[PDB]
Amino acid sequence: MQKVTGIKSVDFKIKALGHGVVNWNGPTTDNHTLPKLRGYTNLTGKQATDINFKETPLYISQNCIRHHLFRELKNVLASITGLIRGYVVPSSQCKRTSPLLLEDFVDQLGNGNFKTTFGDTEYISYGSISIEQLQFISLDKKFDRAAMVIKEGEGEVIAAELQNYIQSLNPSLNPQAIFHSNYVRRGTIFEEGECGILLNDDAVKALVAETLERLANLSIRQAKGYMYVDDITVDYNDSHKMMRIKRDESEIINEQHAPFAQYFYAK
Amino acid sequence: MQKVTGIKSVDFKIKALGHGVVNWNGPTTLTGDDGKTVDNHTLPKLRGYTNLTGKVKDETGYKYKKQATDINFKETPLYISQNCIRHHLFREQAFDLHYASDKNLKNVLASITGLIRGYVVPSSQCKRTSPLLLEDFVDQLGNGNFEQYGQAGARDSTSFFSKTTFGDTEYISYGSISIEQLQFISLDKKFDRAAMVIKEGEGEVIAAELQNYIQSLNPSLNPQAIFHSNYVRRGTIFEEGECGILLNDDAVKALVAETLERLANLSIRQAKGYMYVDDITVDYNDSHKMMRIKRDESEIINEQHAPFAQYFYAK
Amino acid sequence: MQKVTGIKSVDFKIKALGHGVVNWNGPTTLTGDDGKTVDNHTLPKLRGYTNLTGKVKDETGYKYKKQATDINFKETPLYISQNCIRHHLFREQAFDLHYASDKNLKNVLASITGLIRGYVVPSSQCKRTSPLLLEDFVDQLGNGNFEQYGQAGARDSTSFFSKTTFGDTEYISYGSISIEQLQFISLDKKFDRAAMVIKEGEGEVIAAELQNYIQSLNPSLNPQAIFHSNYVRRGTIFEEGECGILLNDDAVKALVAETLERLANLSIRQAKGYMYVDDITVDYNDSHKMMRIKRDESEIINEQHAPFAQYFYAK
Amino acid sequence: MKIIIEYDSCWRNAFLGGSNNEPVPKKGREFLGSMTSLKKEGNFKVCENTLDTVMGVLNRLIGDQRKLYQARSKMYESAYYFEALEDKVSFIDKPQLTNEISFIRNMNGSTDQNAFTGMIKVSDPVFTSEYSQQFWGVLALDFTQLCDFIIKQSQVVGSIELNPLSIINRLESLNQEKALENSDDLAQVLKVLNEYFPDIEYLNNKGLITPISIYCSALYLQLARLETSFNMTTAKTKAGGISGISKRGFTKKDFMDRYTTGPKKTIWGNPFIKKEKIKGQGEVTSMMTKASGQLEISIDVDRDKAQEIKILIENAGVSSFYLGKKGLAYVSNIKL
Amino acid sequence: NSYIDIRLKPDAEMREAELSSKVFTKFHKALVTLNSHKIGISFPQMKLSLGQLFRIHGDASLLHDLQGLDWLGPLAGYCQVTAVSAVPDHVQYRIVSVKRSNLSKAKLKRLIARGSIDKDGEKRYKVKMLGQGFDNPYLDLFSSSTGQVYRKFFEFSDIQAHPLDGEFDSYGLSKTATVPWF
RNA sequence: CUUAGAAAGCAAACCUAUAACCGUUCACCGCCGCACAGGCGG
DNA sequence: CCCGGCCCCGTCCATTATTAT
DNA sequence: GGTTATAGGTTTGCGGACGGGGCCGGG
């Protein structure tokens, strides 16, 4: 009961480098396709040649970043696509929310020119991994958070496979995927729960490390442009502050001191 | 029947920060670029926005829809619905209210959900009004844009779609806590303000549990929840009243402080975007003005001693 | 006499400010995007609004309902019902009139509800007309929009809904206080305007109680409540009158000041939104034109220059 | 002659029966503003500016303190000033109509069908007594045990929760039970019931039989039977009868009020709304109409007469009146 | 000396790309079973995309072995197949060289694991790797053994008038062996 | 003195989860080697 | 002191269902 | 070239007539 303690979320700062435009918005007006630029509008109360790249900088969509990041049913649920990235299936209403949150990658370099192309680009970005959404997988249609329609044996088998996959990530650790018929989130005034799977500290850390690893080696190849991630700074956040790393970088903690926070309990 | 003095309401100004759109309005019919109508574009909640160009066909009845690319974020700024903010504030007990019943009402009534947030049960027609009031959270930065999206199959109906997205966002908002609605709990169906239908002895028990919760908020303070068979509102000429529970200054202080605390640490992770509240300015208003802090006052003074206003009296 | 002189009525213009819709019309039948009518959209009170487009096939007899997204806030502006405004003004006494009875009515007549709000006695012929007249509060800003709403956790009949919401609102309204209706209280059943059923001698004691209340309003002033058996109106060609109580200049001044004070301090917190009266412009009207303030605002007089008009003869 | 009278926010409906054209009753005018009333044809009233309204305004402007019907009848005066001119006056209304639902008060003080006030008494003797269990235990039996109980059967083994809410909810469940056809068993229990309770027959007004009636009458039967075993004086009222429960059925307000501390629930009012189903329109909703606009009332007379009227109004000194109900209406202009 | 044509039948379920990939991998498994270093292929209609026709070259009996073995069994319907026949007398020739870079993420990870490269060396490695690009036609191949989906690239010589005998390694593309082009 | 008169549509609710604007979703995972040399396997 | 009208409280009531290119 | 799939499309309540008894007034 009481209060939740431990690491709330794993934040990070990404600094990447590249050349040319990785992600284009499309052709908009004589006309030009363009690239995604934050805050830009072509409408006057306009010519392509008038732009200030300092005011409306080039950026890469979180969608694109995610797409190249993951580059990828029971198999879906056990995939990294299932656990880290989220998903939706139009038939029925089965979904899972991505614990991974990513800001835009914003180019600090102001080199444009008349397609509208780009020279050397330096992207800066921030991000977070939510332990609450990561550690729990809702298999029940009660709250409509249901990942899948399952059988009691399918319940146990699913837990097992995920345990196996997450194990295949980091052999040194010993992850646990625990299925239960009732999982209640901390803080409810009633005891009401959903059938689902909770992941142990080793599993959660393994997944976080896998995600961060993919982020650090992340690279995108576009016809006339490319991006590679240069530096990555990681913060394990036990505080109530969101993007602590963004507002104040003196309070950042690089190595994990505390065990991950447990947001749910079987009942 | 004398006039009421002391703190009438607790107002505040909220400054929040975030990235991307936390709260979306939905898909909206707009005209594609030179391709006439487009049935898929996702729009965030924009204040004062309409998809209509106010130009019509007369007999046809068609109304000319705006271009997706045409929006003025200064005239029609991005905002987060009070509904969403309230949802994420109380987000831990969110699903509990659906399961409510009489004893279940007993449990709901003592809680942050019962006392501060309001509630309704349709079956037994039991309800409570929320003393917490919030304006829109309005983005002052106004960095939006048309953003194109696609699927990797690149063939079918999922295909290509689009959204109007946002960069760095800075929200400003205002709000108030009503002492009148917060301090009193009506247990009687007489005025249709009833929280829960109660028996003769159960009133004091309910009051006791309330007292326990409010105490559990701030051990330093000394809250009291006092039940009575007749509670009369200030200003009636016939002095007619209902059975209920009144909260003393300390209890009210505990709930107000709890609310402001939840507001100050409030953070939302939603729709691939996030928000955190940066700053909060609070004013305890004993004068007759609503949102004095909003109107120009450099001179406001909150004293530790000044007591909360008492709107009801036992009889 | 031959003429009526002095202040005939006190007109005023109210400027109010607020956020969100304080006063809602209700759920309204509208057509969904699929063509089928969707029976859930909540609409605020809009001036001149109709959900009907007309244009139907004769054999149907149907009306072809409008889309929720189609509204013109310049043509159909948001407003607060005069009913609502008055309700929140007198809200302290709101339920008291139900308990009104002929014997207990003594208490009703001396009060803010009796003198200003007016009243009704159930299963009785006793009444008093309100000297306070108020228009609707009409929004000059007009920032509305279609706002989508939903419930978390389930997809059900309740799960998905919508409202037309509003941002910051600025209301303008007009109103008047009738000295004729205010200064005289009819105790006679003759014209069926009777306030109270009276036995002989009761006039002076009732007058005394009125005197007490009105004095208690403003101790500084010196009010007079005079009962008499026959009261005839001045400028009238009519020779017939009623037994009643007339209030002198000071009493009328007290009542007017009380009303203006309540209006100036008027505030409404309803439906997750709020309203406060920001500014009020007042005119004491001695002229031969009604609502002078509405047409020409240059002829307005803010402070009372002359005595209030005396509409009646002692016998 | 012309009088231009501009008005804003005026109520276009009327909630009362009788007439304002005639002396108000000692008990006042019958109020039908209730949704139950508004459902009935003729109770929903839409009003517009008429000659009566206009003449009432004119008489208001000349300062008449009498009601219109008293002025027309020359009640307390010699002559009616407008008697000659009333046929000579017409008007042109330019309203802007708004459809809004408004909450209107109900003064008749009607007790709510389903509601109660105050606190519930679980300490009431009828629940806590010895006879209580096998008394209230009748209602918890199924239809067959009840039918057998109706004839001579003294056996009730039912052990149930004793609460006013439990009982009233049990009655709620028993009343929603579907009607039953008349058969052998129903014939025998009908004959027995009609033997013990002749004055009422168990049938619908139209061709039906209901379980709740049989249940209630079985409770009455149990009341009559147990009177020999124990004292039923606590279980019955002054001039005895079961509170809130008739022989043909039950009523929630009376039962609750009987077992609750405090008075019955008063109905403070209701929105003004009528939801009707019309063929081809489907569902149609009717709200209160609020009109705002200008009214040109034309009186045809000599310019001298017009000036007489004008100085009469000026001598009256009337200002700021409502129009027809609850409005703000002033006189914008006067043309001779 | 003998060749066979396979024309892709485009489908709503599988567009030309996916079909091309799957039939290519099936052909690969076919050659793996048949164990022949002599069976080749070309892409006649290729014009910046391998195209909708895959032509298999080799011995008539081996092509008969392919038709009979029905390697591409499930996908036969999307495919339209001509009979085996001798190539036309007037024909040009070209090899098929699979173009693969010497740089990869796995190789970089390997160099880090071997302690062979510096922090700055990683950056220069990445810039050289992502700096280069292949305008050449490619195909994304699903796998089993490695359990990966990898992009293979194709390049060809220009209109060599004379044949050069050589090996066709695995997937049928030939490095140093010129297939008939017509 | 008009449609007698007085008359809250009130209380509660996340538009929510997923998706490169682009050359065909996908430049992958390993092996030889000092190699940011050149290649190999699927 | 007797009769009738009026007022207040207990008792017992309950009818309905339609629409879209 | 495609130009959104997927469900959810409001939930609750919103009286009064009729009969008997008691009290008050008139004869």
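Refer to the structure presented above.
Residues numbered from 1 in each chain as written, not as in the entry; some residues may be left out. Chains lettered and ligands numbered in written order. Heavy atoms only, no water.

## Describing the overall build of chain E
- Each helix and strand in chain E was counted, giving four helices and ten strands.
- Reading chain E from its N terminus to its C terminus gives the helix and strand order β-α-β-β-α-β-β-β-β-α-α-β-β-β.
- Viewed in the frame of its principal axes, chain E has a C-alpha envelope of about 60 × 40 × 30 Å.
- When the 182 residues of chain E are sorted by exposure, 38% land in the buried category.
- Here the contacts in chain E between residues at least 6 apart in sequence split such that 67% fall between residues at least 24 apart. (Helix = DSSP H or I, 4+ residues; strand = E, 2+ residues; numbered from the N terminus. Buried < 20%, exposed > 50% of the residue type's maximum accessible area, 1.4 Å probe, protein only. Contact = heavy atoms within 4.5 Å.)

## Notes on the arrangement of the chains
- No other pair of the seven pairs of chains in contact has as many contacts as chains C and D.
- One thing to see here is that chain A and chain D don't touch, and their nearest C-alpha atoms sit 23 Å from each other.
- Nothing in chain D touches chain E, and the closest approach of their C-alpha atoms is 44 Å.

## Quick word on unusual backbone geometry
- Phi at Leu34(A) is positive, roughly 70°, even though this residue is not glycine.
- Of note, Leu34(A) is situated in the loop between β1 (9-19) and β2 (59-60).
- Even without being a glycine, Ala271(C) presents a positive backbone phi close to 45°.
- Position of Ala271(C) among the secondary structure elements: in the loop between β17 (267-270) and β18 (273-285).

## Re the sheet that holds strand β14 (residues 184-186) of chain C
All names here are of chain C.
- Taken together, four strands build an open sheet; the order of strands is β14-β16-β15-β19 and the sheet is antiparallel. Both edges of this open sheet fall to β14 and β19 (312-313), since each of them pairs with a single strand only.
- Bridging between strand β15 (residues 225-233) and strand β16 (residues 242-247) involves five bridges; their strand directions are antiparallel. Pairing of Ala225 across the sheet is with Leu247, part of β16. (Pairing = 2+ DSSP bridges.)

## Here we look at the side chain of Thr76(C)
- Position of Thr76(C) among the secondary structure elements: in the loop between β5 (42-44) and β6 (79-80).
- For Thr76(C), a relative accessible area of 11% gives the class buried.

## Quick notes on the packing of helix α2 (residues 102-109) of chain B against helix α5 (residues 202-217) of chain B
All names here are of chain B.
- Relative orientation of the contacting elements α2 and α5 amounts to 35°, with a least axis distance of 9 Å. Touching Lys103, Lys106 and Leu109 of α2 are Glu202, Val205, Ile206, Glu209 and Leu210, all from α5.
- Residue composition of the contact of α2 with α5, grouped by class: four nonpolar, no polar and four charged. (Axes fitted to C-alpha atoms, helices over the stretch in contact; angles between N-to-C directions. Nonpolar A, V, L, I, M, F, W, Y, C, P; charged D, E, K, R; others polar.)

## Describing the pattern of salt bridges
- Considering all chains together, one arrives at 75 salt bridges over all chains under this definition.
- Close ionic contact of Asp279(B) with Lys15(B) constitutes a salt bridge, the shortest N to O distance being 3.8 Å. Pair noted here: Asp279(B) is in strand β20 (residues 273-285) and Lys15(B) is in strand β1 (residues 9-19), with a separation of 264 residues, a long-range link.
- A relative accessible area of 33% means that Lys15(B) is categorised as partly exposed.
- Note that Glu297(C) and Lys13(C) form a salt bridge whose closest N and O atoms lie 3.1 Å from each other. Residue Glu297(C) is found in the loop between α7 (292-295) and β19, and its partner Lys13(C) is found in strand β1 (residues 9-19); the two are separated by 284 residues along the sequence.
- A residue is classified by how much of its surface remains accessible, and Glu297(C), at 38% relative accessible area, is partly exposed.
- Residues participating in the shared-partner salt-bridge network are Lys45(C), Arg47(C), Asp136(C), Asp8(D), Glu100(D) and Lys290(D). (Salt bridge = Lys/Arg side-chain N within 4 Å of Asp/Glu carboxyl O.)

## Observations regarding the pairing of strand β12 (residues 194-199) of chain A
Residues and elements named next belong to chain A.
- β12 sits mainly inside the fold: six of its six residues count as buried.
- Neither face of β12 is open: one carries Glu194, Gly196 and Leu198, the other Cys195, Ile197 and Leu199, and all of them are buried.
- Pairing analysis gives five bridges linking strand β11 (residues 177-185) to β12, with the strands arranged antiparallel. Within β12, the residue paired with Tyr183 across the bridge is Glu194.

## Quick word on the environment of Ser138(A)
Residues and elements named next belong to chain A.
- In this fold, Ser138 is placed in strand β10 (residues 136-138).
- With relative accessibility at 5%, the residue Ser138 sits in the buried group.
- Separated by 58 residues in the primary sequence, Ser138 and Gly196 have C-alpha atoms spaced 4.7 Å apart.
- Setting aside residues up to four positions removed in sequence, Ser138 forms contacts with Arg145, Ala146, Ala147, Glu194 and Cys195.
- A distance of 2.5 Å separates a polar atom in the side chain of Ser138 from a polar atom in the side chain of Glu194. (Polar contact = N/O pair within 3.5 Å; in protein donor to acceptor, adjacent residues only side chain to side chain.)

## Some points on the protein's contact with DNA strand H
- For DNA strand H, the set of nearby residues contains 42 residues, the closest of which are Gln93(A), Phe160(B), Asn40(C), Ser110(D) and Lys253(D).
- Near the protein, meaning within 4 Å, the atoms of DNA strand H are sugar or phosphate in a fraction of 56%, with bases accounting for the rest.
- A distance of 2.5 Å separates a phosphate oxygen of DNA strand H from a polar side-chain atom of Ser110(D).
- Where the surface near DNA strand H is concerned, the elements lending two or more residues are β14 (160-166) of chain B, β12 (160-166) of chain C together with α1 (35-39) and β6 (269-271) of chain D. (Near = heavy atom within 4 Å.)

## What about the protein's contact with DNA strand G?
- By nearness alone, 19 residues border DNA strand G, and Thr37(C), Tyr64(C), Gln113(D), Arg248(D) and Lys277(D) come closest of all.
- A share of 66% of the atoms of DNA strand G within 4 Å of the protein falls on sugar and phosphate groups.
- One of the side-chain N or O atoms of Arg248(D) is found 2.6 Å from a phosphate oxygen in DNA strand G.
- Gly280(D) has a polar backbone atom sitting 3.3 Å from a phosphate oxygen of DNA strand G.
- Its residues placed into classes, the surface near DNA strand G shows three nonpolar, nine polar and seven charged.

## Re the state of the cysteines
Residue and element names in this part refer to chain D.
- All chains considered together, the criterion is met by zero disulfides over all chains.
- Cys10 takes part in no disulfide bond, and the closest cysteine sulfur to it belongs to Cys47, at a distance of 12 Å.
- We classify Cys10 as buried; its relative accessible area is 0%. (Disulfide = S-S within 2.5 Å.)

## Concerning the sheet that holds strand β18 (residues 241-247) of chain B
Residues and elements named next belong to chain B.
- Spatially, four strands are ordered β16-β18-β17-β21 in an open sheet, and the strand pairing comes out antiparallel. Among the strands making up the open sheet, the edge pair consists of β16 (184-186) and β21 (312-314). When strand polarity is set aside, the average angle formed by the axes of neighbouring strands in this sheet is 50°.
- Where strand β17 (residues 225-233) lies against β18, six bridges are found, and the strand directions are antiparallel. Residue pairing in the sheet places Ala225 in a bridge with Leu247 of β18.
- The strands touched by α5 are β16, β17 and β18; relative to β17, the strand with the most contacts, the crossing angle is about 115°.

## Re the interface of chain B and chain C
- Of the residues lining the interface, 46 residues belong to chain B; the matching set on chain C comes to 41 residues.
- Carbon and sulfur atoms supply 52% of the area that chain B and chain C bury against each other, a total of about 3400 Å² over both sides.
- The largest per-residue losses of area from chain B upon contact with chain C belong to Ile237(B), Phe238(B) and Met290(B), which jointly make up 20% of the total buried on that side.
- In this assembly, chain B and chain C are joined by six salt bridges.
- The salt bridge partner of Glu59(B) is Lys55(C), with a shortest N-O separation of 3.2 Å.
- Where chain B touches chain C, the interface holds 19 residue pairs in polar contact.
- With four residues, the single largest contributor to the side of chain B that touches chain C is helix α1 (residues 82-89) of chain B.
- By residue class, the composition of the side of chain B that touches chain C is 14 nonpolar, 17 polar and 15 charged. (Buried area = accessible area lost by both parts, 1.4 Å probe.)

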